[PDB]
Amino acid sequence: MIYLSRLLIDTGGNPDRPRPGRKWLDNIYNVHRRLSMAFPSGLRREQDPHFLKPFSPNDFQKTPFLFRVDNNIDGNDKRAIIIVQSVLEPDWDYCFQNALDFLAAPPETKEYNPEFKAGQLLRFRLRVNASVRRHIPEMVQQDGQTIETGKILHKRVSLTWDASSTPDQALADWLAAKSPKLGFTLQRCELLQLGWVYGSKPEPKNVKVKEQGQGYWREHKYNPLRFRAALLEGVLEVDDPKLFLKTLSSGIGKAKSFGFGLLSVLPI
RNA sequence: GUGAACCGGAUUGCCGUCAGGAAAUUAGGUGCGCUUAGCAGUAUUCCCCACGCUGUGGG
């Protein structure tokens, strides 16, 4: 079975007061870490019932869950929705017990058993990371002059199109190229949002040796994280019920640890 | 093992009954925070592993 969970954030109100929930969404790494803190081990929960001990990733279960962040929901109020799809039951009352300021509504969870027959029309929403891997010559310095270096870099960069092609056509072709393998066939696809997603990651770096021995003194260095994001919505038709269920709960692209793979399907 | 050694200033006691700081006070007169900007139609996306001469998988 699948577990589907929904979280709500205000992202509104008085701008002259602290808003930890709205500020929490400025870094995708922080969002991923906070969502990962919702799956504690059976020993950590017994030892620390209040989540008041130092946080170590080795004490939390590893499981490839997926999530997406949606915005602009109305009713005279602003809302940001976080939708999480997982293969395990989340523990929201352990993750947000000391951070109830973050949310504007209690978390909700439910079961999900999608059974689809062959040749069924579905309405889908999903966000992609438009990335391709290429060999790039290394240009450096640019101190008024460009100096080339002989090394060729294997780098994952953004998807590009020609001057006579619209981004929508390029993305539709790029998705229809792989849609045979995933297990569905498109009928219409339109691009809604195209942009970037940013984040920062801490990394330990050694500085000096310990006089008493047994380790170093260490410090933190921050590494940037940039991704190309494109949101799509449209209609699809199931080819075979076997590969489609594998496409779900797995992702349809890269950067799946930063909310970049999730298929949302409605029966039309 | 020294004008040194042995060596208690000790026993008893309430400072209690008395007291209005009180009559009177406007802190008022004058003042633009103003000149400025796509979260988007791109030409390298920070790191690692495997298969090829771009496609999978992890942060």
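Proteins get letters first, then strands, A, B, ... in listed order; numbering begins at 1 in each. Reckoned from all heavy atoms, side chains included, excluding hydrogens, waters and symmetry mates.
More than 12 heavy-atom neighbours from other residues, nucleotides or ligands sit within 6.0 angstrom of CZ on A:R133.
Heavy atoms of A:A163 sit under 4.0 angstrom from at least one base atom. A:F260 comes within contact range of no nucleotide atom at all, as no heavy-atom separation falls under 4.0 Å. If you check every strand for non-hydrogen atoms under 4.0 Å, A:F258 touches a base.
Checking the phosphate oxygens (OP1, OP2) of B:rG59, no side-chain nitrogen or oxygen of A:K256 falls inside 4.0 Å. Look at A:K201 and you won't find any side-chain N or O under 4.0 angstrom from OP1 or OP2 of B:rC46. For the pair A:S158 and B:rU45, the criterion of a side-chain N or O lying under 4.0 Å from OP1 or OP2 is met. A close approach under 4.0 Å does occur between a side-chain nitrogen or oxygen of A:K155 and OP1 or OP2 of B:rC46.
With centroids closer than 5.5 Å and planes inclined by less than 30 degrees as the test, A:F227 and the base of B:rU45 fail to qualify as a stacked pair.
The residue among A:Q193 and A:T160 whose nearest nucleotide of RNA chain B is located toward the 5' end is A:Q193. Looking at which nucleotide of RNA chain B each of A:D162 and A:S257 is closest to, the 5′-most match is held by A:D162.
Taking the six-membered ring for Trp and the full ring otherwise, the centers of A:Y112 and A:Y3 sit at least 6.0 Å from each other.
When the P atom of B:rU45 is taken as reference, atom OH of A:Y29 falls 23 Å away, rounded to whole Å.
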